[PDB]
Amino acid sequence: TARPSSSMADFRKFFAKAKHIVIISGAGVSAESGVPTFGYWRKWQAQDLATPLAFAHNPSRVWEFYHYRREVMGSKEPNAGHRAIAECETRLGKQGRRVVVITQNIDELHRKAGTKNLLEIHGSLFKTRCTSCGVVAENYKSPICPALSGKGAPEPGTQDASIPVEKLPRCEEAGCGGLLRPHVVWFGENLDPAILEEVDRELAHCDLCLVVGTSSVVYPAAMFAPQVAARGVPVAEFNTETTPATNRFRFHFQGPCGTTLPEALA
């Protein structure tokens, strides 16, 4: 029994031999890009809005929330942390070594940094799914629909837009007309089974794991690193604090991931 290590040299020793590296990322890695984690939007946190019940009973409020985040995000750029992860992958790929990013984030900032082996387990801010036809589609339009123009203001006290359901984003496929929702996995919903099998495949065979800027309170993502760790495979935690999963782990590196990751992945 002992506190987790704070030794960068010890971690780097493993990093040089690792052939299969898994990087699990949460909101923290993008909060360093000026990305608002949720952390309040008006009077609510993300867990109260990222729910099919919220959407069923006030879809306009939910769409305002997601509209705000889409518009804010578009003009955000990848940071040193995202970059270090991307460049690490690219460099190791030429050595025949695999680096894979499993992200709880829906901001696609890993995609913008150039990450190739990316598992977006909660979907994307910039994808829609039709609640009628089920079709999934990319959508970076600003604003996603006319009625949301100038809406989504985040200040407590801001009045609900109360957009009629017909004027929320609607499907344009084969004249469907169905109500669109964010293609994001919400609390109470299942992650994509196909994505989960791929996640399991990487976890079951990696020889090094990094869990990066995640609170590890969202399930089942929170169980990913401990699973790797329970194989005895070393796990390194990069955060501005400790987590409920921390003491399972080998290392804890305190501080911004923009500082600690470029060093660790050099």
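In this text, residue numbers run from 1 along the sequence as written.
Deposited sequence between residue 38 and residue 39: 4 to 9 residues lack coordinates. Higher mean CA B-factor, judged across 183 to 191 and 95 to 103 from the recorded values: 95 to 103. Mean CA temperature factor is higher for 239 to 247 when stretches 20 to 28 and 239 to 247 are set side by side in the entry. By the numbers in the PDB entry, the CA B factor is greatest at 34 among 34, 52, 220, 59. Taking the PDB entry at face value, the top CA B factor among 78, 74, 152, 164 belongs to 74. Among the modelled residues of its chain, residue 156 has a C-alpha B-factor that falls in the lowest third, as given in the PDB entry. When the modelled residues of the chain are ordered by C-alpha B-factor, residue 89 sits in the middle third. Ranked by Cα temperature factor within the chain, residue 108 sits in the lowest third according to the deposited record. In the deposited entry, the Cα temperature factor of residue 123 places it in the lowest third of its chain's modelled residues. Sort the chain's modelled residues by C-alpha temperature factor and residue 175 lands in the highest third, per the entry.
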